[PDB]
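To start, the structure under review is shown below, and the notes come after it.
Residue numbers begin at 1 in each chain, while the letters A, B, ... track the order of the sequences.
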There are 4 protein chains.
Amino acid sequence: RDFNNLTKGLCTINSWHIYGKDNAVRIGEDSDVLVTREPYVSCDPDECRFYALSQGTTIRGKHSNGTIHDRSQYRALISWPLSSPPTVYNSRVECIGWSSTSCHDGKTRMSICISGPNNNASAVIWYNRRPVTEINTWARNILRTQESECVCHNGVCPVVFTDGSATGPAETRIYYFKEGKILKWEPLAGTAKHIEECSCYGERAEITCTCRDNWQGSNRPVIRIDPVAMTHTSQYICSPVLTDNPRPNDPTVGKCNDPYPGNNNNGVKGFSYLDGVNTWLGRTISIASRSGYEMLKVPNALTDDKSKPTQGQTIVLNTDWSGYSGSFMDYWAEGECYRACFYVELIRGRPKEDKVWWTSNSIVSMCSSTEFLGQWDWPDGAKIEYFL
Amino acid sequence: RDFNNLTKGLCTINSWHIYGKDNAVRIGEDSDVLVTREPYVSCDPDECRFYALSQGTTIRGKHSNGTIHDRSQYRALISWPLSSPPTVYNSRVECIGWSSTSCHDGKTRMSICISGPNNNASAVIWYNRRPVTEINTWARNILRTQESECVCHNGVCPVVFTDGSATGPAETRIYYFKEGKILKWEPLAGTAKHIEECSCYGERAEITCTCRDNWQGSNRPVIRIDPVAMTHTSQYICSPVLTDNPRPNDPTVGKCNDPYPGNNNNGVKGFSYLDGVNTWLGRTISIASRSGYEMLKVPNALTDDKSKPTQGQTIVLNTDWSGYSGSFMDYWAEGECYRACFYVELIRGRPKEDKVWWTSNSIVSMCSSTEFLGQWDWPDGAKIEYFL
Amino acid sequence: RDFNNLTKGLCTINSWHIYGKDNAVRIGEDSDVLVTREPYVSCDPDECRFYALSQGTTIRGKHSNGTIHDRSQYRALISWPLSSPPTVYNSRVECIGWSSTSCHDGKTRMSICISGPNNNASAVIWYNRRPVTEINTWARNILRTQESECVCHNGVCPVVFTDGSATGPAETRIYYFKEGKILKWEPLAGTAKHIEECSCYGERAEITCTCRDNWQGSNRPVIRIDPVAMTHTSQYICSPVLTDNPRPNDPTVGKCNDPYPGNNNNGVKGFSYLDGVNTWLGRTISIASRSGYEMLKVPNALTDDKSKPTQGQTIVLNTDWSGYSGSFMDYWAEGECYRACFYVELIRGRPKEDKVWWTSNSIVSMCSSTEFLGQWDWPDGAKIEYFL
Amino acid sequence: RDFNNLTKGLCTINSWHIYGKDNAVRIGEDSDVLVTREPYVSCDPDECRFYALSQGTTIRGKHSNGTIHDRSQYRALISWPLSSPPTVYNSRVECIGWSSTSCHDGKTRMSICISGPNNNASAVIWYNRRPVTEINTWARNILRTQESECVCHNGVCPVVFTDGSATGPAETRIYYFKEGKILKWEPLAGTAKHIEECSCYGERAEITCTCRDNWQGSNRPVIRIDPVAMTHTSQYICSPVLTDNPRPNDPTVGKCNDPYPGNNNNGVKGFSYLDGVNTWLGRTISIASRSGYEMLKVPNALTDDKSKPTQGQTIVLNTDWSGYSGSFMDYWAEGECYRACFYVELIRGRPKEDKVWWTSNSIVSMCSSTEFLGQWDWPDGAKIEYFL
Ligand SMILES: *[C@@H]1O[C@H](CO)[C@@H](O[C@@H]2O[C@H](CO)[C@@H](O[C@@H]3O[C@H](CO[C@H]4O[C@H](CO[C@H]5O[C@H](CO)[C@@H](O)[C@H](O)[C@@H]5O)[C@@H](O)[C@H](O[C@H]5O[C@H](CO)[C@@H](O)[C@H](O)[C@@H]5O)[C@@H]4O)[C@@H](O)[C@H](O[C@H]4O[C@H](CO)[C@@H](O)[C@H](O)[C@@H]4O[C@H]4O[C@H](CO)[C@@H](O)[C@H](O)[C@@H]4O[C@H]4O[C@H](CO)[C@@H](O)[C@H](O)[C@@H]4O)[C@@H]3O)[C@H](O)[C@H]2NC(C)=O)[C@H](O)[C@H]1NC(C)=O
Ligand SMILES: *[C@@H]1O[C@H](CO)[C@@H](O[C@@H]2O[C@H](CO)[C@@H](O[C@@H]3O[C@H](CO[C@H]4O[C@H](CO[C@H]5O[C@H](CO)[C@@H](O)[C@H](O)[C@@H]5O)[C@@H](O)[C@H](O[C@H]5O[C@H](CO)[C@@H](O)[C@H](O)[C@@H]5O)[C@@H]4O)[C@@H](O)[C@H](O[C@H]4O[C@H](CO)[C@@H](O)[C@H](O)[C@@H]4O[C@H]4O[C@H](CO)[C@@H](O)[C@H](O)[C@@H]4O[C@H]4O[C@H](CO)[C@@H](O)[C@H](O)[C@@H]4O)[C@@H]3O)[C@H](O)[C@H]2NC(C)=O)[C@H](O)[C@H]1NC(C)=O
Ligand SMILES: *[C@@H]1O[C@H](CO)[C@@H](O[C@@H]2O[C@H](CO)[C@@H](O[C@@H]3O[C@H](CO[C@H]4O[C@H](CO[C@H]5O[C@H](CO)[C@@H](O)[C@H](O)[C@@H]5O)[C@@H](O)[C@H](O[C@H]5O[C@H](CO)[C@@H](O)[C@H](O)[C@@H]5O)[C@@H]4O)[C@@H](O)[C@H](O[C@H]4O[C@H](CO)[C@@H](O)[C@H](O)[C@@H]4O[C@H]4O[C@H](CO)[C@@H](O)[C@H](O)[C@@H]4O[C@H]4O[C@H](CO)[C@@H](O)[C@H](O)[C@@H]4O)[C@@H]3O)[C@H](O)[C@H]2NC(C)=O)[C@H](O)[C@H]1NC(C)=O
Ligand SMILES: *[C@@H]1O[C@H](CO)[C@@H](O[C@@H]2O[C@H](CO)[C@@H](O[C@@H]3O[C@H](CO[C@H]4O[C@H](CO[C@H]5O[C@H](CO)[C@@H](O)[C@H](O)[C@@H]5O)[C@@H](O)[C@H](O[C@H]5O[C@H](CO)[C@@H](O)[C@H](O)[C@@H]5O)[C@@H]4O)[C@@H](O)[C@H](O[C@H]4O[C@H](CO)[C@@H](O)[C@H](O)[C@@H]4O[C@H]4O[C@H](CO)[C@@H](O)[C@H](O)[C@@H]4O[C@H]4O[C@H](CO)[C@@H](O)[C@H](O)[C@@H]4O)[C@@H]3O)[C@H](O)[C@H]2NC(C)=O)[C@H](O)[C@H]1NC(C)=O
Ligand SMILES: CC(=O)N[C@@H]1[C@@H](O)[C@@H](F)[C@](F)(C(=O)O)O[C@H]1[C@H](O)CCO
Ligand SMILES: CC(=O)N[C@@H]1[C@@H](O)[C@@H](F)[C@](F)(C(=O)O)O[C@H]1[C@H](O)CCO
Ligand SMILES: CC(=O)N[C@@H]1[C@@H](O)[C@@H](F)[C@](F)(C(=O)O)O[C@H]1[C@H](O)CCO
Ligand SMILES: [Ca+2]
Ligand SMILES: [Ca+2]
Ligand SMILES: [Ca+2]
Ligand SMILES: [Ca+2]
């Protein structure tokens, strides 16, 4: 009916409670579950759904061979009911492509899928499930976007894209859409030196995105967007609690305005909630690989270059595989505050488990509680030996 | 539109007619049916559905091995259309966990799932399909709840939980929720010495729950809740017709205010309708194992310590497997009275049928008739040899 | 919104056009299609659906063995979208049992399922998808009903039941329901000597049912019901064009008020439209077995004991299997007249094709045209050898 | 609510962006995907869907053997959600037959299916999902229609049919339907000598159809219909850019009013958008077989017998299989102009890939952009060796 406005602050995060989990790889061992990766969660005013990029084959299907590859003509953004698995029969295709974002503005949903060969990709922006706008590649090198939900305020839904090198300077743009049309775009500004796969959330008329500096940084760049002024800033999380992967060991002092060095030309999509003392960071447990996942309460991580954890919660054990992670909230919930949520992609198969010829994932997702809840760990749960 | 009020009495129960049956194990021999256990039935104002705890794998799936276990990260409360089986493609996840309850208040549904390791479990209370409240374990020993529907009156939906030992005193609480928020909770009072898995129904502004004393009692404890005053009482069914399992042979006199002794540290979820002469008790036929199921009309069972059956109906033959059973009613039906209903869980596989490596169930459910109807028996119907 | 009234006459039937066909046995060779038999079609004001009695297993499932049997605890009335097959995932259970009828009254649907052992069966009458009324067996010998849709007028939906012998006099009753409640019932009157499986249609405030005299008659009994007066009459179709199966060869003169003799203790559900010159009869082509199906225009068949065909249409070749057939119309269509429709059940498997251990069917259905359309034949289409 | 009127012109076509793709053959290797051919796309005011003719078996099913044949009793027009595959469980049958068209008039949808033996076929015209009108064969030789969407204006939906020889003069008629009823029909007029499988679109109260002259022409006939006057004209595309298949090499001058000769008794359904300088033609890349697909901008193709391409876009590489192609638009989109769209059928299996015994297809579909977007190619993507 009316466009949603970001009028609330974050609820106090004292722990994380289980929100959804689809067990897709367990179930897909013997049912028609699509191979996916790059999953996320996003809410409409009346429903919240799981999203991901299909690979256009089931996991048991012979076409699952080769699905380690990120980009093909067979990928599409799909959505499906919360905590069900992405099956052939219940998955709704939002648009065709191999990089995506999607968000609801309070009236209807915008979905964006990018497709094409590496040197000639284009984004199509869908609004109310019809294509409205198209954007051609500007740097001819894998035009790509968030892989988790965008955020809207009064109809304005900013979206971060990158086109150019994954291993040196690239051309990142912030587009401000409304009803699927471009109001404005700007080149990246501020002190973030490289941006990929931004994870975003909105509170009190500001949108905060935690991104991946693939080039040099093991601290995460942060873009903050004013969706009214349609302007932004960028920096890094100051905290020495480093949250990319792979990454070096944690130091005692981080960097606010430069990449924290040690690891080049690699990373993983991740996220954080940056809200003064109410600040929580996600990271893999392993510094070397996408294994384990934990949440750490790091008061003032964004601005305090010596901030260390005051509390934490393990999400996935270090003996279990993790993957991309990202933020979403139910902007249409009851109550006085927005409840922070996140998902973690649990990647199975190649390259770490190469006795199968496929790569897929399942999803686990949590939201914050004002209680101090007991923790469990939440592995994918599938036995790779069953697929042999 | 408005909250439902328990304004009607029970219809006269003169027999039981078949209401629903999903044949899940028969069908799941060759289709994508999820492994479940702890099923139940619950109605919305416009639909009634089957509910259960998924095990996050199909029955033919290789992950069905090990599903005798009650608690894993792969379980969730699911619902699906009445008398269909719980399949991968038609099952709707209500929330994630390994103990649950759910009920509709006339406006929308509350669902509660508990998850966690044994010493650190938490309940999440969902209302209008969003998480609202969380409750951490208080005794650090398998926080657990009804495994069948709760009941609401004017928006107040009491729920019984237990945390603590299954084989000695435990800490049982009655929470009174409204819109997913805690109005009040109380510790168990009265003469029931141990409470698990309460089966509840509502009539004339009172809610009656028939529970399982796992510790000492082969008679069933009964909690009666006034959802206006938000107060309760507890006792046992007085009747010598004993209704837990396993249990000793029936005596001639029961116990009103103490466990009837003979069997320790075991039991099964069960139910009854306690309404003066219109009183019917469910039980397994076998005193030793979860086989068979019958309904017995035991006038004044609750209050008369010498009451014996005046009528009965066999539901499941003693040569067929039964399991948990519980009560629900369609509070939104037409007419002057609430029609008592129940389900029986028909457990197949381990431990009684150990040539398969799984444990699952199907559901049969009946409601009362004012006629004296002919009886059939209603087995699960699957042939275990087909799964070998 | 308002109850439907039978205010229109039949459209002129000049031929039959294809309406629906599900190819269930072809498709079910390699997908999760339920075994059924006793199918039919029925319309709501906004949709028309296929109906049948499930056998509670898929066709490829190992539980399909033994499905020649008519009555088990695993059967249910299911419905599913027009011309789709009855699958595990798209079939909606209306009620549990092994004999059924269903019709919409303009406001909501009534469905009736009978279940039980042979000597102790009961009907449950569901209205607005809730059980309302129950009827116990009166003759203790397979209480059974139409196996095709009932018809309503101003909320009154008459239903024909039989209880008693299939091979001698039985006790047939016409119940007049409204909102699932019994307004009245009457014992069969008139000159029909035995009634089973009535096929009904309504026009100009009268309901006509064409039934099966299993005992002695190879002509079909006809019940005509006034749903306002709640009274009926019965006789036989006068025509020498005999329409039961098996049956003797056609004579030159039929019988109006007695069974036409020659074949005892057998028959098949069938139907006709009896409307003066606009009269069409269905029958199997074979006099000996359920093979082939044809429509014959037999002016005044009901009343003229020498009436012979003036036109016809082959529906199923004599080299293809047929089965039960029955009538329905879309009472909520546009226009000035009700368009006659019918289905034919195409039975596959046992007893005629005994290299498989199952029995199932698919459905073909046609409606009348005022054109003189070209005919095709419409076989089930499945290859039994594929199932070996 | 009101009938749609064709009040807009075409948007400027500067390139084509990906719209939908179902990957049906890849997915159907290991899931219950129906065999189809003759697919298309059509929109309702609130949804756009894929359509095709089922063959009434899954691809892995043993009944897929023999599905090279165009006409059987097992075919039906089905629809399913955009970019999902046509599965047993999500496909909605529109009507039964082996040639079809369908379109929405702004109020509800008309669907037309033709069935029958070759010498005795009939069309049934469905409106608001009920049969309304029937049309018997007039030339007794495979009555057949568009195999892609029709177009409506103020309730009038013209439809082109052909009955008669595929290899000499035939009898083509334009029927003008409204609410499923025949307002008028006319025989083909103008200079087109043979018409099959018209692909249509509407703009500014005129409907343009690009058809297939199977008899003599390798240029495509064009019918232009005034749906207010209910009159039409026909000619050929003048352009030497020849767009049927198979076809001779392109000359320098085409023919406006006669078939361009070179290839007899063959062709493929195809389409074009004819709008002065904004004119784009589809064709296979190969002159000999249904391989590859490209779009060429050929200003004034309809009227200029020397027009050559000024721009183009490859859709499918010449090393990949193509098939039928056709036009549709979303008439209910926002904005000032109608966005041209098309699909291409990607045929797999027989006759070109005869190591499998089946023939099926997947779908790819694009719509126009006012940007000059980078191109990719969009193959079916399935590996035939996996099906062996
Ligand atoms: C039932 O469930 C409940 C609820 O979940 C469970 O309770 C939870 O238990 C977990 C596990 O213990 C806790 O998570 C950890 O939290 C600590 C932070 O809390 C500690 O420190 C606080 C701050 O201390 C500072 O200030 C205070 C005064 O302000 C001062 O006293 C102190 O000296 C210091 O200067 C303390 O306030 C806090 O105490 C409070 O809480 C206690 C309960 O935990 C209670 O006992 C106290 O009385 C008091 O109330 C407490 O001491 C996190 O630091 C920790 O995270 C580190 O460790 C894990 C490994 O366990 C690691 O994975 C993390 O990455 C992180 O450590 C790495 O990073 C650091 C920062 O750079 C670095 O310093 C470390 O060396 C280490 O780095 C290495 O590994 C990383 C990752 O691989 C790598 O990248 C690096 O390169 C390097 O190799 C955990 O998050 C929960 O907070 C707690 N929750 C609650 C509500 O209590 C309960 O256990 C369950 N019950 C059962 C029976 O199972
Ligand atoms: C078509 O369908 C219809 C409808 O379903 C079928 O009819 C049904 O038939 C069934 C099976 O017979 C009946 O169920 C049983 O009901 C009896 C209760 O009814 C009897 O007793 C009544 C009360 O008697 C007392 O009062 C009267 C006067 O008030 C006095 O005369 C009498 O002496 C006594 O003091 C009688 O009123 C009643 O008579 C009436 O109804 C008759 C019809 O049944 C009719 O003939 C009469 O004229 C009159 O109208 C009748 O006599 C239940 O007692 C019984 O349940 C016990 O038995 C089964 C085994 O069959 C068992 O599983 C139960 O658990 C239970 O027995 C155990 O528990 C007892 C209590 O503690 C204990 O005392 C027993 O020793 C036994 O305990 C052992 O086993 C248990 C369980 O394993 C274990 O835990 C213990 O430790 C121990 O080992 C049945 O429920 C239906 O009521 C009846 N329904 C109707 C409407 O009629 C019909 O059969 C079908 N037709 C066909 C052709 O198949
Ligand atoms: C394209 O499609 C079109 C449309 O579908 C196809 O045209 C259709 O063609 C079929 C097949 O031919 C026709 O079906 C048959 O219809 C006849 C009835 O029509 C005939 O008889 C009419 C009445 O005759 C009487 O009155 C007139 C004057 O009023 C008088 O002249 C006459 O002597 C007699 O006294 C005639 O009016 C009618 O003529 C009209 O139509 C003609 C077109 O057909 C046209 O040529 C004429 O000029 C004129 O306009 C015509 O002669 C049915 O009788 C017949 O059904 C019998 O036969 C089939 C076997 O074919 C059988 O299965 C049936 O059960 C039935 O025969 C059995 O039952 C009889 C009754 O008891 C019994 O008498 C028989 O001995 C036989 O009994 C045996 O078998 C049964 C069953 O196994 C068993 O139970 C018994 O015991 C015993 O063993 C067909 O239904 C369509 O009507 C026709 N439709 C149209 C609109 O034309 C066209 O063919 C297709 N084109 C192509 C190229 O394929
Ligand atoms: C990133 O993506 C972008 C966007 O997709 C990619 O850029 C696209 O690149 C493709 C491939 O190159 C282009 O498609 C072709 O377009 C040409 C038409 O454009 C050319 O000609 C125009 C008209 O020329 C005439 O007028 C001008 C002045 O008005 C005059 O100068 C000239 O001499 C002539 O008289 C030129 O205007 C145009 O130039 C413009 O654009 C250029 C970019 O392309 C730029 O460089 C220029 O500066 C200027 O701005 C350009 O020269 C089509 O002709 C062509 O289609 C033919 O060729 C393909 C094979 O490639 C074939 O399949 C087609 O069927 C067709 O050729 C057949 O048919 C002809 C007509 O009958 C016949 O003449 C031919 O002999 C041939 O016939 C044979 O094959 C067929 C089919 O098998 C058979 O039936 C016959 O019998 C016979 O055997 C392509 O469609 C895109 O237009 C271009 N898009 C854009 C926006 O730029 C970019 O490449 C990608 N980047 C990367 C890095 O990959
Ligand atoms: C899930 C898992 O086993 N993660 C381990 C993790 O438990 C650690 F032991 C680790 F050494 C690590 O990289 O931290 O290796 C991970 C993994 O073996 C990477 C190379 O294959
Ligand atoms: C479908 C079919 O083959 N029907 C034939 C039919 O074609 C006839 F040849 C028949 F002899 C018949 O009963 O009429 O036999 C039927 C069948 O063989 C019954 C005994 O098995
Ligand atoms: C898809 C494909 O391989 N198309 C080729 C295509 O690449 C060409 F090489 C062609 F020679 C052609 O017909 O143009 O043959 C097609 C095909 O082999 C037809 C006879 O089998
Ligand atoms: Ca990095
Ligand atoms: Ca006990
Ligand atoms: Ca008979
Ligand atoms: Ca041609």
Side-chain angles (χ1 to χ4, degrees), chain A residues 18-28 33-44 47-59 64 67-71 74-88 90-95 97-103 109 111-114 144-150 196-201 210 212 268-271 282 284 290 293 315-316 320-330 341-350 358-367 378-382, chain B residues 56 76 93 96:
Chain A
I18 187 65
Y19 178 68
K21 186 180 196 305
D22 63 3
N23 299 296
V25 182
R26 287 172 57 85
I27 294 167
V33 168
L34 293 166
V35 175
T36 62
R37 258 209 67 211
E38 299 82 35
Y40 52 106
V41 192
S42 190
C43 298
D44 292 359
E47 187 182 359
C48 297
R49 292 166 68 81
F50 282 180
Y51 285 71
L53 297 174
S54 185
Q55 290 276 17
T57 171
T58 60
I59 304 171
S64 61
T67 50
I68 197 182
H69 293 288
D70 299 329
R71 303 174 300 285
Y74 321 112
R75 299 206 82 174
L77 173 61
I78 52 166
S79 76
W80 70 94
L82 197 81
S83 298
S84 278
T87 75
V88 178
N90 71 159
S91 288
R92 176 211 289 155
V93 174
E94 305 293 343
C95 44
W98 42 245
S99 184
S100 84
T101 183
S102 185
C103 43
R109 175 161 288 277
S111 292
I112 302 175
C113 285
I114 291 158
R144 59 204 181 266
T145 182
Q146 291 178 198
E147 327 298 2
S148 59
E149 74 165 13
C150 37
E196 307 258 338
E197 293 136 64
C198 291
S199 293
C200 307
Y201 68 92
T210 302
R212 162 190 178 168
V268 69
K269 176 180 170 65
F271 74 95
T284 61
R290 296 167 174 191
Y293 204 86
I315 311 305
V316 178
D320 283 303
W321 301 114
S322 59
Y324 273 16
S325 51
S327 49
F328 63 105
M329 299 199 284
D330 181 359
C341 311
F342 70 93
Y343 64 89
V344 180
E345 178 189 35
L346 315 173
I347 298 170
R348 299 306 301 271
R350 281 176 174 222
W358 52 259
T359 292
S360 195
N361 68 284
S362 77
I363 295 163
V364 61
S365 61
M366 324 260 306
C367 298
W378 296 95
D380 166 74
Chain B
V93 174
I96 302 303

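- Inter-residue side-chain proximity for A:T67 and A:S360 is flagged as unmet; no heavy-atom pair is nearer than 4.5 Å.
- Listed here is the closest heavy atom pair of A:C95 and A:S111: SG-CB, 4.1 Å.
- Proximity of A:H69 to A:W98: side-chain heavy atoms (C-beta onward) are nowhere separated by under 4.5 Å.
- A:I18 is listed as a side-chain neighbour of A:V364, based on a closest heavy-atom distance under 4.5 Å.
- The shortest heavy-atom contact between A:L34 and A:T87 is CD1-O, 3.8 Å.
- Side-chain N or O atoms of A:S91 include none that pairs as donor or acceptor with a backbone N or O of A:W80 at under 3.5 Å.
- Taking the six-membered ring for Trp and thresholds of 30 and 60 degrees, A:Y51 and A:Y40 have nearly parallel ring planes, at less than 30 degrees apart.
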**OP:** Evaluate disulfide bond (SG atoms under 2.5 Å apart) for A:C150 paired with A:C200, printing each intermediate quantity in order.
**Re:** CA-CA 6 Å; A:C150 37; A:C200 307; over 6 Å; no

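- Across A:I59 and A:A24, no two heavy atoms sit closer than the pair CD1-O, 4.2 Å.
- Side-chain N or O atoms of A:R290 include none that pairs as donor or acceptor with a backbone N or O of A:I347 at under 3.5 Å.
- The SG atoms of A:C367 and A:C341 sit under 2.5 Å apart.
- Side-chain contact between A:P86 and A:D22 is present, with at least one heavy-atom pair separated by less than 4.5 Å.
- When every heavy atom of A:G270 is checked against every heavy atom of A:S199, the shortest pair comes out as O-OG, 2.7 Å.
- When side chains are defined from C-beta on, A:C198 does not count as touching A:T210, because their heavy atoms never get closer than 4.5 Å.
- Among the candidates A:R144, A:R75, A:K269, the single residue satisfying the salt bridge (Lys or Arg N to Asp or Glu O under 4.0 Å) test with A:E38 is A:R75.
- The nearest pair of heavy atoms linking A:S102 to A:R109 is OG-NH1, 2.8 Å.
- A:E147 is linked by a salt bridge (charged side-chain N to carboxylate O under 4.0 Å, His left out) to nothing, counting only residues two or more places apart in sequence or in another chain.
- With A:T58 contributing its side chain and A:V33 its backbone, the two residues share no donor-acceptor pair below 3.5 Å.
- Contact annotation: the side chain of A:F342 approaches that of A:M366 to within less than 4.5 Å [non-hydrogen atoms, C-beta and beyond].
- Residues A:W378 and A:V344 form no side-chain contact, since every pair of their non-hydrogen atoms from C-beta on lies 4.5 Å or further apart.
- Annotation: side chain of A:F50 is in contact with side chain of A:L82 (closest heavy-atom distance under 4.5 Å).
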**OP:** Apply ring-ring contact (aromatic ring centres under 6.0 Å, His included) to the pair A:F328 and A:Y19, showing each step before the final yes or no.
**Re:** CA-CA 12 Å; A:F328 63 105; A:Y19 178 68; 5.6 Å; yes

